[PDB]
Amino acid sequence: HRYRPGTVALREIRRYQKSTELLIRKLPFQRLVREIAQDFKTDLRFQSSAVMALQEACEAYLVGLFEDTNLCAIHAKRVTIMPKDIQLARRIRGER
């Protein structure tokens, strides 16, 4: 037998809501942070604590935004999140 569409999705929801680890691969995020930082000032070093603080912040922010986006989607009587939902959510949030 084979899984109906949208079952492994809820398995992943239970699994990752019960989980407590970082969900973005460490080194791509690290160079993302470094590349972004090079715009504001060049020739920068980072203590590892700093990039990991930035990753904890980033991921926390993104999961909260994703819950709000899911609420917008459900409010439109849907189950699929779409940029309509993200833009509506961070517009009520006042995030310009």
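When you see a residue number, it is the position in the sequence shown, counting from 1.
- The entry lists a Cα temperature factor for residue 74 that places it in the lowest third of the chain's modelled residues.
- Residue 24: CA B factor lies in the middle third for its chain, per the PDB record.
- When the CA B factors of the chain's modelled residues are split into thirds, the value for residue 81 lands in the middle one.
- Ranked by C-alpha B-factor against the other modelled residues of its chain, residue 50 falls in the lowest third.
- Per the deposited record, the Cα B-factor of residue 44 falls in the highest third when ranked against the other modelled residues of its chain.
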